[PDB]
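Protein chains in written order, with the numbering used here: chain A, 3 to 37; chain B, 3 to 37; chain C, 2 to 244; chain D, 2 to 244; chain E, 2 to 244; chain F, 2 to 244; chain G, 2 to 244; chain H, 2 to 244; chain I, 2 to 244; chain J, 2 to 244.
All C-beta atoms, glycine included, are put in the ideal place defined by N, C-alpha and C.
First up is the structure itself, then whatever we jot down about it.
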Amino acid sequence: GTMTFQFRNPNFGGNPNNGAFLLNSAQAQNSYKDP
Amino acid sequence: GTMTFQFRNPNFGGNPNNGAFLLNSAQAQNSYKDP
Amino acid sequence: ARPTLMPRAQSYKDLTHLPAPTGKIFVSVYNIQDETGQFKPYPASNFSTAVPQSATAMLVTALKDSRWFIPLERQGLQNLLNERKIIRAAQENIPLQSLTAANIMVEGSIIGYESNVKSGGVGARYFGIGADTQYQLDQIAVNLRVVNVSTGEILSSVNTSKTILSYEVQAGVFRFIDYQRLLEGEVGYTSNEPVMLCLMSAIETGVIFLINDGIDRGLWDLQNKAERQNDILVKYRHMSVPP
Amino acid sequence: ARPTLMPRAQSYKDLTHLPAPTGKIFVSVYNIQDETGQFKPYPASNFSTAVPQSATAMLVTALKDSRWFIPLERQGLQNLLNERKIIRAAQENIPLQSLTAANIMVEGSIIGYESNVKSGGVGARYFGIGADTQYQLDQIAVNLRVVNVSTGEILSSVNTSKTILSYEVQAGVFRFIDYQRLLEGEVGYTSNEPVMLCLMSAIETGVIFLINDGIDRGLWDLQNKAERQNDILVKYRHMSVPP
Amino acid sequence: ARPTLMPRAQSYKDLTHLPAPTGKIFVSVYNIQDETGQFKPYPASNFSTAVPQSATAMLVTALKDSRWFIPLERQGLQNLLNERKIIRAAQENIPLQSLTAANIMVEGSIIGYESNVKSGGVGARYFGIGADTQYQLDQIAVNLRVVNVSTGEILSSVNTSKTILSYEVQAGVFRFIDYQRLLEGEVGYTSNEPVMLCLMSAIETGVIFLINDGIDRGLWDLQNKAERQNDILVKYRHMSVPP
Amino acid sequence: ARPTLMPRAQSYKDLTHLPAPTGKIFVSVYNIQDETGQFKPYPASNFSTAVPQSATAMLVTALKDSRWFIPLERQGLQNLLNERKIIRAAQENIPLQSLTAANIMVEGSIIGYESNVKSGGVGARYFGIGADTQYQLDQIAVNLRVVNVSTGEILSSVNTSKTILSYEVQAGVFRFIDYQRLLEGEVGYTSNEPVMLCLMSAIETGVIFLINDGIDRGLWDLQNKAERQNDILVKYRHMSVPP
Amino acid sequence: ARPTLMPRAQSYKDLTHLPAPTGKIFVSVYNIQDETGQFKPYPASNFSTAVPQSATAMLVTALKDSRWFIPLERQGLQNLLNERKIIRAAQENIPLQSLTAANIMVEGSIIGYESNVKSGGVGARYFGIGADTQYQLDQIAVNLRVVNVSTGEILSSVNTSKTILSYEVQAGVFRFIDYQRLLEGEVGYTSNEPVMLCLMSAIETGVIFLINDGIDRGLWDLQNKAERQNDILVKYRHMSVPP
Amino acid sequence: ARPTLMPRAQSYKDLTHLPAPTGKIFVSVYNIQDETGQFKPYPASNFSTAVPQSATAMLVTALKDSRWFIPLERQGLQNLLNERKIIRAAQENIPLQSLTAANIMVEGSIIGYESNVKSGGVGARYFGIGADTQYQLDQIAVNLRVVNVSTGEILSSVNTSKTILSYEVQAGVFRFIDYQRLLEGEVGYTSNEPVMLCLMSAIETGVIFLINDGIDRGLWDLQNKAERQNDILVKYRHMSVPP
Amino acid sequence: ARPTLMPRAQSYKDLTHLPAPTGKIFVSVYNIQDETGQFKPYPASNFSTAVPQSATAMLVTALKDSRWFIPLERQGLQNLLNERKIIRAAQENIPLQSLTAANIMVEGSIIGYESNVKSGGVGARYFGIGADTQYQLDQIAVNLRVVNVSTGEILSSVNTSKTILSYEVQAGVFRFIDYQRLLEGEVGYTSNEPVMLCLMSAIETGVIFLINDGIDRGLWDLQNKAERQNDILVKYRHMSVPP
Amino acid sequence: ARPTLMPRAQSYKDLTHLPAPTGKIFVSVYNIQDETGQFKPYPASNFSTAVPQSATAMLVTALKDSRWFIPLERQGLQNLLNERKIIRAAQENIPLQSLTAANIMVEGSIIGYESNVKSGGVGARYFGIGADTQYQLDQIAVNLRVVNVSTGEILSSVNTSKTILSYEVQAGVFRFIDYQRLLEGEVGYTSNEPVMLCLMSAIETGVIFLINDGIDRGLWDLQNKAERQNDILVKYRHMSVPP
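Dropping the structure here:
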């Protein structure tokens, strides 16, 4: 396996290309509006 | 085959470039609106 | 992790059940040379050979546990002769015997290893749920030839292959459940057949093909050479026609 | 996975059905050198040779199972002479015979392997459904020359080729079914012809071309040299005009 | 960091509890050659071998701490003979003894190491919260053969494997909490089984497989050869049938 | 796949129809060295030579099947002398003859191989439908010089070239048919001329250029040296002016 | 930067406090060979070895500062013998002594270094503020075996490991403060445990494991061999059971 | 493809029309070493030399077809001396002559090959239609020096260059024709001057520069040394002033 | 393409107009070693040396065409001594002379080649129209030292440099002309100064600097050593103060 | 381009103005070895050494033009001894002298070259207009030690450094001028200090540091050893305290 530890989130040092998918995911699942 | 295990989804550590296709896929197949 | 033996295939179960010969033949394995010339592709290393460089040490196990051959250490023969020269300086301060004759030898090669021979894969994915079955069928092939070292004649030269089945089943879902809610999950299992085990199982196939093709030629006789009834020799005689 | 023999092509079925000669000729295969100088492209490794470095071990199988030649071990000849020197120190504590003469030898080469010779592919895809047939026709070529070692004369030097058919059929669909519903699926099958089997089958073609061109020159005679009726020799005489 | 010993597996606990032999056998380990031919893939270096090149130094620990063998230094034998030649020039200005005989030797190999043999992973992620369990099951295999250096005969040649369990558990969340507020966090743990410890534990498995298969053949006898009751030998006799 | 002979070009049809000489000349091909210094570009491997390293084995076929020369095995000459030394130890327990003189030799080189010499391609695509014709004209060139080994004089040194025609025709369509309907399809065919066949055909051109330029110099005479009528020699005399 | 000594770990504080032996034993360290076969991954160089190739120079410090051994220079022994040959030509125009005997030697290896053994990391990030703790736990392991050079017997062969703790703490914020105003900042600290210091500390662990396992075997005796009370030997006897 | 001769430039037409000397001079070409040290850039291979390593075989053609020199085979001289030693063992069972003297020799080099010396390109594109003319002018240069082997003196050392004209003309259109209709097309032609032909033509320039500068120095005389009228020698005397 | 001579710089026009010496001095150029250690950057090959490895063949031209030195072939001296040994076996079946003394020799080096020394470029672009002038000023430097071989003394050791002017002028326009109409065009010209010509011109500068600094030291005298009037020697005496 | 001398720094102006010694000392420079072990980073080649491998040829210029040393050719000493052996065979058909003693020698090294030591850069850009000053301060360092070859003693071993100033000034504008009009332009100048000139100037600094530290030790005396007034020696005595 020789598998290192990389994050799946670019704030902690993972692959930065999934951030264009990560943030828009919770932009597509938030269900929160202004009070 | 010498084929390792990579995910097809960037949340679990696969190729992060398919996330721009994965999320917009379910944005094109959700059929769910606000209650 | 449980450190068991090497997970030997079906061909080793035919190997130990081979009938006994009239004395196990002294044989010598020098270097079953990895001359596939084939290294592993990306993502694996470029210097990483696609099959092991160790068929000279695997065939030794295939000839010893067959209960047909007494293999001789000729891989590190210069490492063994450095030990014999020490005993010549140790007893001159049990007498040392000489190395046995090994009237036949199994020279050979791993003759090839084409990556992705009959590879392929089916993929299916409905709304959200989805799964693929991608199999990358490799194929190793080994040469094992019994050579009479007294005359240099190659006695029985066989070529056995084994299809390495490296399949993956990734069942990945990506499905919205409620409004602004998303479930996803990807169960995946890639069972690569290890090339060391298929190098081991194609060599153990070749040892039965060395013995079965070594009987009809009259090269060596087994104990009670009248039976021809066991389902190892007649199975590897019906497998003697190559597809 | 079932470890059968090497899946030999149609040319090996003509090889075993060759007529018997007046005694099988002692022959020696030193090194059918992989001097294609051709390594495998990306995605495969740069150090991975595109054909095997093992035609010296494949031709041995092609000359032994032809029932025409007794091949001699000359690939690891320095590995065999290290074994003969052991028996010289073993019996001096059956007498050892000498190596046979091998009046002819098959020196040769894998003379080339151009990647993607007549490659190509048709693709078609309507709304959703779609499939391609992409075939990458490689071509190996081997040289096999019988050399009289008593005089150094090259007797019959033939060049046989074989087109490696590496085709893929990927039938991939991507089609919406309902509103915000999507079916997709991709069945794919890439049957690469293994280069080790086409190295094996072009060499077995060359052995028949060594024998058929070795008969009309008067180099060696077969048993009952009056027939010329079998559909192996006359087929490989109508194949003696190169396209 | 606490520098303890090597974290030896369960197989070493069976190794020290082996019964004592009638004198510990003098044995010599020259070079358990890393002929896996397998280097580490990306992201690791291309020149980095996937297993250590040090099984000649690991088996020495496996034979010494087994309380069955007296191993002899033959890895740096040319480094030891340069020291013996110094004492020949030192005392000629205790007398020097000679090297012991080492009537058996353990030649061997690391016969293979296929990357990602039974690899795979399950992934699950709901709204925000999510975790995967991706395990990349490697498999090392070693050959350990006891060779009688007086006759060159390979006495007991075994092949033991060990599945390297390299699993990762990444539990990463990405969830909005309030309007224009976002919590996220990713706890991750990849416990790669070290290949040096699985090279060590499969060799220590092989030493018990050298001893257990060295008893029934009559190669060497243990002290009080009537018991056959300890749960190391009968466990490694029920493990003597390879899966 | 049908394993036929090597698909020899038009120049081999002029080669077998050459007139017979007064005895076929003993000739020796040591190493037609691939000193192009040219390896294959991307996507092919960096270590992969752009032409084969096998013109010493191709010219042997070009001199033997020309019915003008008896070629001698000098590529693996150290592999042939190891066989002659065996017969010296075999008959001393037919007498062995000596190697023939080979008064001329064909030393030579593959002198060059510029990638994409006169390469280019036309492309056309209307609404949806479209096709390109991209041809990458390579050019190999070989040197073949007949050298009198008795005096070292280079007798006839010719330089023949051949333009490798590697063309592709990809006819790819991408056209909407109805509202939210799309047909597409791409038929493609890249017929690379194999560099091994153009190395073979430029060498067979050179053998006729060795013979035709070897006649007017008085180096060797053919049988019935009065005709000068056959359309091989006068065609390769009108081709003797280089463009 | 203050150039202090090497920042030795806790195991060196147990090393200098070892009890004195009856004369410090002459010992020789030839080459503790880096046969990890492990190079550093990306972003580091591919030719850069992951551990130093200098355990033959580190163990010398571990045996000299232990106050138990007099190490002898055998790493550059051919560099020392070139100096002794100069004094043979210098005094022949104090007399030169001879090299000492060094009745035991510490041959050994760095037996392995798996990258990212128990690696992992926790990440947390609220609105703006956020921090991760990513630790990549490597593991070196060394072999140190005392070899009696008079007989070649390996006396005490131990395997000590040390987990390299390479952790990073990046506390990075990205938070809007006012309308069209943004504060951000990232404090980060990656304290890699240096592999040279963990090679040094695992070897110094091994020297205590050479001495403690060299006392119970009767290989060498310490001064006042009745105490067994110091908290170095009994600590490294409770650490003698490997996890 | 028509396998003609090498497409020799204008300088070879001046080479064959050179006047005859008083006997063709025996000359020897050992190794015109490719010490450009220049390999081909991307997309070509890194190991691919930018010029051929074959100027020792090209100059042989330039000296033989000049009708001024009898070149001697000294490239594979160790391949020719292995053939002469065979005739010494062949006739001792025509007598063998000796190699000729070759009083002058042409040692030399390919002294350089700067990629893209005077490179450049004009591009123009209006609405839709457009074309570029990009030419990458390389420059090879060779050294050819006649050396009197009797005294070691370099007689006439010349440096001839040739600008490799590698131009491309891509005329590509991309133009809408109707509403939602698009025509496009790209005709392209890259006529790289092959570096093997410019190595051949600059060497053939150098042979005329060897002969013309070998006449005024009195090194060798031509037949009827009174004319000085032919438009090869006076053209290469007006070209004797370097730009 | 017109194959003229090497386009020699202004310094060669001063080289041929040097005054004649009292007999041209016998000199020998063994290997002006390319020990820049500098290879060409991307996009050029990594193995491609940035300057040629051929200053031992360029300086020969610079010393021969200077009309001051008789250079001796010492680059392929082992290729010339293999020719002299042939004449020793040719005349023993004009007598052979010996090699001349060459009392001075020019050993030397290409001492450096920094890429982009004073590089830079101006860019300007208005609406549509635009052009840049980017020049990458390299700098080669060579060492040429005259060494008296009778005593080993280095007589005159000079270091001459030359700035390689590799400039590009790309004048590219991109301008709309009408509504939905666009004209564009890019004329570009990169005149790289070839490094082989600047290696040639800095060496020819060094030969004048060898001669001018070889006159005032009294190492060798020219014919009519009273003038000191020619504008080559006084120009290279005012250039003898290094900037 | 004007091929002047090497643009020597300020330290060479102090080098020629050094006072004369009582006879210039015979000295020998064998190989000032580039053991920086430092190659050039990207974009330059990986095999390209960061400093030249030519300090053995630069120091020769620094010792000869100092008017203090007579350097001897010892770089190509095996190239000079091959010339002396020719004169031994030339005069035996002026008598040859012997090589001078060279009682001191300057062995040494380029001891290091850290890329980007004190590198940095200021950047400023307003609306449209903008410029940066980025300087990458490298640092070479050389070792020059005078060694008495009669006793092997290193007499004066100095370490001189020089900061390579590689600065760039790019003044690039990008500014709209009118509505739908844009002016832009980028003037850029990167004056890399060439590493060959800073290797030359730090060595010439070291030669003054060899001479100044060679005077106070009494190793060699200058002519009129009473002055100590010149502003070269007292400047390089105030520079003798290292920062």
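Best match in the options for proximity to residue i [C-alpha to C-alpha]
| i | options | result |
| --- | --- | --- |
| residue 182 (chain H) | F:203, F:149, F:172 and F:128 | F:128 |
| residue 59 (chain G) | G:196, G:99, G:192 and G:83 | G:196 |
| residue 203 (chain C) | C:143, C:104 and C:106 | C:143 |
| residue 100 (chain E) | C:102, C:94 and C:101 | C:94 |
| residue 98 (chain H) | F:152, F:88 and F:125 | F:152 |
Whether residue i touches residue j by CB criterion (8 Å)
| i | j | result |
| --- | --- | --- |
| residue 56 (chain F) | residue 111 (chain F) | yes |
| residue 186 (chain J) | residue 170 (chain J) | no |
| residue 167 (chain E) | residue 140 (chain E) | no |
| residue 7 (chain D) | residue 5 (chain F) | no |
| residue 31 (chain E) | residue 80 (chain C) | yes |
| residue 67 (chain G) | residue 84 (chain E) | no |
| residue 245 (chain D) | residue 138 (chain D) | Outside the shown range of chain D, which is 2 to 244, sits residue 245 (chain D), and nothing can be said about it. |
| residue 53 (chain J) | residue 134 (chain I) | no |
| residue 105 (chain E) | residue 209 (chain E) | no |
| residue 7 (chain A) | residue 131 (chain E) | no |
| residue 102 (chain H) | residue 88 (chain I) | yes |
For residue j and residue i, believed in contact at Cβ under 8 Å, the rounded distance
| i | j | result |
| --- | --- | --- |
| residue 76 (chain C) | residue 154 (chain E) | Residue 76 (chain C) to residue 154 (chain E), Cβ: 14 Å. No contact. |
| residue 216 (chain I) | residue 194 (chain I) | That pair is no contact at about 31 Å. |
| residue 156 (chain G) | residue 198 (chain G) | No, residue 156 (chain G) and residue 198 (chain G) are not in contact; Cβ-Cβ is about 28 Å, not under 8 Å. |
| residue 70 (chain E) | residue 78 (chain E) | Incorrect: roughly 17 Å between the Cβ atoms, too far for contact. |
Per-residue contacts from residue i into chain E (C-beta, under 7 Å)
| i | result |
| --- | --- |
| residue 26 (chain A) | Within 7 Å Cβ-Cβ: nothing; residue 26 (chain A) doesn't reach chain E, min ~11 Å. |
Chain D residues whose Cβ lies nearer than 8 Å to that of residue i
| i | result |
| --- | --- |
| residue 150 (chain C) | 81, 84, 85 and 88 |
>> Taking 8 Å as the cut-off, does the segment 226 to 242 of chain F touch the segment 223 to 241 of chain G (at least 3 CB pairs, one atom from each stretch)?
In response: Not touching, per the Cβ criterion.
>> Would the segment 47 to 54 of chain D count as touching the segment 30 to 48 of chain C if we require 3 or more Cβ pairs under 8 Å?
In response: The segment 47 to 54 of chain D vs the segment 30 to 48 of chain C: in contact.
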